[PDB]
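Undergrad: Input model.cif, format and content: mmCIF, N, CA and C atoms.
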data_coords
loop_
_atom_site.label_atom_id
_atom_site.label_comp_id
_atom_site.auth_asym_id
_atom_site.auth_seq_id
_atom_site.Cartn_x
_atom_site.Cartn_y
_atom_site.Cartn_z
N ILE B 460 21.87 -29.84 13.10
CA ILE B 460 22.51 -29.14 11.99
C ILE B 460 21.66 -29.22 10.73
N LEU B 461 21.08 -30.40 10.47
CA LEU B 461 20.22 -30.55 9.30
C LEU B 461 18.98 -29.66 9.40
N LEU B 462 18.37 -29.60 10.58
CA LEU B 462 17.20 -28.74 10.76
C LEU B 462 17.56 -27.27 10.60
N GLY B 463 18.72 -26.87 11.12
CA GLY B 463 19.15 -25.49 10.96
C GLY B 463 19.41 -25.12 9.51
N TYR B 464 20.07 -26.02 8.77
CA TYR B 464 20.32 -25.76 7.35
C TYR B 464 19.02 -25.74 6.56
N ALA B 465 18.07 -26.61 6.91
CA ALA B 465 16.77 -26.59 6.23
C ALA B 465 16.03 -25.29 6.51
N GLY B 466 16.08 -24.81 7.75
CA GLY B 466 15.46 -23.53 8.06
C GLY B 466 16.11 -22.37 7.32
N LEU B 467 17.44 -22.39 7.23
CA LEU B 467 18.14 -21.34 6.48
C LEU B 467 17.77 -21.39 5.01
N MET B 468 17.66 -22.59 4.44
CA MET B 468 17.26 -22.71 3.04
C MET B 468 15.84 -22.22 2.82
N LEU B 469 14.93 -22.53 3.74
CA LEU B 469 13.56 -22.04 3.63
C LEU B 469 13.52 -20.52 3.72
N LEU B 470 14.31 -19.94 4.63
CA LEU B 470 14.35 -18.48 4.74
C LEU B 470 14.89 -17.84 3.47
N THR B 471 15.95 -18.43 2.89
CA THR B 471 16.50 -17.88 1.65
C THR B 471 15.51 -18.01 0.50
N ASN B 472 14.77 -19.12 0.45
CA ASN B 472 13.78 -19.30 -0.61
C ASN B 472 12.63 -18.31 -0.46
N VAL B 473 12.23 -18.02 0.78
CA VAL B 473 11.17 -17.04 1.00
C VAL B 473 11.67 -15.64 0.65
N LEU B 474 12.93 -15.33 0.97
CA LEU B 474 13.47 -14.02 0.66
C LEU B 474 13.63 -13.82 -0.85
N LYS B 475 14.03 -14.88 -1.56
CA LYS B 475 14.20 -14.77 -3.01
C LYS B 475 12.87 -14.75 -3.75
N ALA B 476 11.86 -15.43 -3.23
CA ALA B 476 10.55 -15.44 -3.88
C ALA B 476 9.89 -14.07 -3.76
N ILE B 477 9.23 -13.65 -4.84
CA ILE B 477 8.56 -12.35 -4.89
C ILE B 477 7.15 -12.57 -4.35
N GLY B 478 7.03 -12.51 -3.02
CA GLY B 478 5.74 -12.67 -2.38
C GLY B 478 5.58 -11.78 -1.16
N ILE B 479 6.54 -10.87 -0.96
CA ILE B 479 6.51 -9.98 0.19
C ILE B 479 5.80 -8.66 -0.11
N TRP B 480 5.46 -8.40 -1.37
CA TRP B 480 4.84 -7.14 -1.75
C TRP B 480 3.36 -7.12 -1.43
N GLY B 481 3.00 -7.37 -0.17
CA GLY B 481 1.62 -7.29 0.24
C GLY B 481 1.31 -6.03 1.02
N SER B 482 2.18 -5.68 1.97
CA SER B 482 1.95 -4.48 2.77
C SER B 482 2.17 -3.22 1.94
N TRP B 483 3.23 -3.19 1.14
CA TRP B 483 3.53 -2.06 0.27
C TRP B 483 2.49 -1.86 -0.82
N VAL B 484 1.48 -2.73 -0.89
CA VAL B 484 0.35 -2.56 -1.80
C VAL B 484 -0.94 -2.27 -1.03
N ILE B 485 -1.12 -2.90 0.13
CA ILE B 485 -2.35 -2.70 0.89
C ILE B 485 -2.34 -1.34 1.58
N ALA B 486 -1.25 -1.02 2.29
CA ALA B 486 -1.22 0.23 3.06
C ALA B 486 -1.29 1.47 2.17
N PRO B 487 -0.54 1.58 1.07
CA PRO B 487 -0.67 2.78 0.23
C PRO B 487 -2.07 3.01 -0.30
N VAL B 488 -2.87 1.95 -0.48
CA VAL B 488 -4.25 2.13 -0.93
C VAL B 488 -5.01 3.02 0.04
N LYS B 489 -5.06 2.62 1.32
CA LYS B 489 -5.78 3.41 2.31
C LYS B 489 -5.08 4.74 2.58
N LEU B 490 -3.76 4.79 2.45
CA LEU B 490 -3.05 6.06 2.63
C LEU B 490 -3.52 7.09 1.60
N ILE B 491 -3.45 6.74 0.31
CA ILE B 491 -3.88 7.66 -0.73
C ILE B 491 -5.39 7.86 -0.69
N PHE B 492 -6.16 6.90 -0.18
CA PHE B 492 -7.59 7.11 0.00
C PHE B 492 -7.85 8.22 1.01
N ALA B 493 -7.16 8.17 2.16
CA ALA B 493 -7.29 9.24 3.14
C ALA B 493 -6.77 10.56 2.58
N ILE B 494 -5.72 10.52 1.76
CA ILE B 494 -5.21 11.74 1.14
C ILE B 494 -6.26 12.36 0.23
N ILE B 495 -6.93 11.53 -0.57
CA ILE B 495 -7.97 12.03 -1.47
C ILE B 495 -9.17 12.54 -0.68
N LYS B 496 -9.50 11.89 0.44
CA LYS B 496 -10.57 12.39 1.29
C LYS B 496 -10.23 13.77 1.85
N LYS B 497 -9.00 13.95 2.32
CA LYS B 497 -8.57 15.26 2.80
C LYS B 497 -8.59 16.29 1.69
N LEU B 498 -8.20 15.89 0.47
CA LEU B 498 -8.23 16.81 -0.66
C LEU B 498 -9.66 17.23 -0.98
N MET B 499 -10.60 16.29 -0.93
CA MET B 499 -12.00 16.62 -1.17
C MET B 499 -12.54 17.54 -0.08
N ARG B 500 -12.14 17.31 1.17
CA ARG B 500 -12.55 18.20 2.25
C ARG B 500 -12.00 19.61 2.04
N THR B 501 -10.74 19.72 1.61
CA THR B 501 -10.17 21.04 1.35
C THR B 501 -10.86 21.72 0.17
N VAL B 502 -11.23 20.95 -0.86
CA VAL B 502 -11.95 21.52 -1.99
C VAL B 502 -13.32 22.02 -1.55
N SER B 503 -14.00 21.26 -0.69
CA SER B 503 -15.29 21.71 -0.18
C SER B 503 -15.14 22.98 0.65
N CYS B 504 -14.09 23.05 1.48
CA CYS B 504 -13.85 24.26 2.27
C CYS B 504 -13.55 25.45 1.37
N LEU B 505 -12.79 25.24 0.30
CA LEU B 505 -12.50 26.33 -0.63
C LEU B 505 -13.75 26.79 -1.36
N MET B 506 -14.62 25.85 -1.76
CA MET B 506 -15.87 26.23 -2.39
C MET B 506 -16.76 27.01 -1.43
N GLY B 507 -16.81 26.59 -0.17
CA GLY B 507 -17.57 27.34 0.82
C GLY B 507 -17.02 28.74 1.04
N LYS B 508 -15.70 28.87 1.08
CA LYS B 508 -15.08 30.18 1.24
C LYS B 508 -15.37 31.07 0.03
N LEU B 509 -15.34 30.50 -1.17
CA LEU B 509 -15.65 31.27 -2.37
C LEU B 509 -17.11 31.72 -2.37
N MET B 510 -18.02 30.84 -1.94
CA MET B 510 -19.43 31.23 -1.84
C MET B 510 -19.63 32.34 -0.82
N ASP P 511 -11.57 -2.74 -5.90
CA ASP P 511 -10.41 -2.29 -5.14
C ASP P 511 -9.24 -1.98 -6.07
N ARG P 512 -9.04 -2.80 -7.11
CA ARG P 512 -7.97 -2.54 -8.06
C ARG P 512 -8.20 -1.24 -8.82
N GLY P 513 -9.44 -0.99 -9.24
CA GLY P 513 -9.74 0.27 -9.91
C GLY P 513 -9.55 1.47 -9.00
N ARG P 514 -9.96 1.34 -7.73
CA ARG P 514 -9.73 2.41 -6.77
C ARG P 514 -8.24 2.68 -6.59
N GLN P 515 -7.43 1.62 -6.51
CA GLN P 515 -5.99 1.80 -6.37
C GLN P 515 -5.39 2.46 -7.61
N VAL P 516 -5.87 2.08 -8.79
CA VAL P 516 -5.36 2.67 -10.03
C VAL P 516 -5.73 4.15 -10.10
N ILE P 517 -6.93 4.50 -9.65
CA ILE P 517 -7.32 5.91 -9.63
C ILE P 517 -6.53 6.68 -8.59
N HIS P 518 -6.22 6.05 -7.45
CA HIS P 518 -5.55 6.75 -6.36
C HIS P 518 -4.07 6.97 -6.65
N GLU P 519 -3.32 5.90 -6.89
CA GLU P 519 -1.88 5.98 -7.08
C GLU P 519 -1.50 6.84 -8.28
#
Kindly return the structure encoded in the file as structure tokens.
TA:
Amino acid sequence: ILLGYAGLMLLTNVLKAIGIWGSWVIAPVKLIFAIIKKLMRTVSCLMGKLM
Amino acid sequence: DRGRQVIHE
């Protein structure tokens, strides 16, 4: 019972602590990077079509 | 990396 309560307290402390914002910061970086790469590719295609 | 993220987001 003591080990279970200690584990529950550790889980609650981890949930309350602001330290989970790692994925929601790492993944959007590469997501918007790929988005900007696609935008640059579309801009190059538009410039080629205009030429 | 921080500057790239600031430019991207």
Undergrad: Taking only N, CA and C atoms into account, report as a ChimeraX atom specification which residues of chain B lie within 7 Å of chain P.
TA: /B:488,491-492
Undergrad: Give me every alpha helix (DSSP H) residue in chain P, going by DSSP on the backbone, as a PyMOL selection string.
TA: chain P and resi 512-518
Undergrad: To one decimal place in Å, what is the distance between atom N of residue 484 in chain B and CA of residue 466 in chain B?
TA: 26.6 Å
Undergrad: So how many Å separate CA of residue 477 in chain B and CA of residue 465 in chain B, to one decimal?
TA: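 Separation of CA of residue 477 in chain B and CA of residue 465 in chain B: 19.8 Å.
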Undergrad: To one decimal place, how far is atom N of residue 503 in chain B from CA of residue 485 in chain B in Å?
TA: 26.7 Å
Undergrad: Since the input lacks some atoms of chain P, please model N, CA, C and O atoms and print them as a PDB file, in the coordinates of the input.
TA:
ATOM      1  N   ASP P 511     -11.570  -2.740  -5.900  1.00  0.00           N
ATOM      2  CA  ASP P 511     -10.410  -2.290  -5.140  1.00  0.00           C
ATOM      3  C   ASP P 511      -9.240  -1.980  -6.070  1.00  0.00           C
ATOM      4  O   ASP P 511      -8.512  -0.999  -5.857  1.00  0.00           O
ATOM      5  N   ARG P 512      -9.040  -2.800  -7.110  1.00  0.00           N
ATOM      6  CA  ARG P 512      -7.970  -2.540  -8.060  1.00  0.00           C
ATOM      7  C   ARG P 512      -8.200  -1.240  -8.820  1.00  0.00           C
ATOM      8  O   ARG P 512      -7.259  -0.459  -9.018  1.00  0.00           O
ATOM      9  N   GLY P 513      -9.440  -0.990  -9.240  1.00  0.00           N
ATOM     10  CA  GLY P 513      -9.740   0.270  -9.910  1.00  0.00           C
ATOM     11  C   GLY P 513      -9.550   1.470  -9.000  1.00  0.00           C
ATOM     12  O   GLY P 513      -9.049   2.510  -9.428  1.00  0.00           O
ATOM     13  N   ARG P 514      -9.960   1.340  -7.730  1.00  0.00           N
ATOM     14  CA  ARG P 514      -9.730   2.410  -6.770  1.00  0.00           C
ATOM     15  C   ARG P 514      -8.240   2.680  -6.590  1.00  0.00           C
ATOM     16  O   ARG P 514      -7.817   3.838  -6.534  1.00  0.00           O
ATOM     17  N   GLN P 515      -7.430   1.620  -6.510  1.00  0.00           N
ATOM     18  CA  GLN P 515      -5.990   1.800  -6.370  1.00  0.00           C
ATOM     19  C   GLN P 515      -5.390   2.460  -7.610  1.00  0.00           C
ATOM     20  O   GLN P 515      -4.489   3.299  -7.497  1.00  0.00           O
ATOM     21  N   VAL P 516      -5.870   2.080  -8.790  1.00  0.00           N
ATOM     22  CA  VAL P 516      -5.360   2.670 -10.030  1.00  0.00           C
ATOM     23  C   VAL P 516      -5.730   4.150 -10.100  1.00  0.00           C
ATOM     24  O   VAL P 516      -4.936   4.978 -10.560  1.00  0.00           O
ATOM     25  N   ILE P 517      -6.930   4.500  -9.650  1.00  0.00           N
ATOM     26  CA  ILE P 517      -7.320   5.910  -9.630  1.00  0.00           C
ATOM     27  C   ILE P 517      -6.530   6.680  -8.590  1.00  0.00           C
ATOM     28  O   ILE P 517      -6.170   7.847  -8.804  1.00  0.00           O
ATOM     29  N   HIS P 518      -6.220   6.050  -7.450  1.00  0.00           N
ATOM     30  CA  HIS P 518      -5.550   6.750  -6.360  1.00  0.00           C
ATOM     31  C   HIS P 518      -4.070   6.970  -6.650  1.00  0.00           C
ATOM     32  O   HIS P 518      -3.594   8.115  -6.659  1.00  0.00           O
ATOM     33  N   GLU P 519      -3.320   5.900  -6.890  1.00  0.00           N
ATOM     34  CA  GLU P 519      -1.880   5.980  -7.080  1.00  0.00           C
ATOM     35  C   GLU P 519      -1.500   6.840  -8.280  1.00  0.00           C
ATOM     36  O   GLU P 519      -0.606   7.689  -8.195  1.00  0.00           O
TER      37      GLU P 519
END
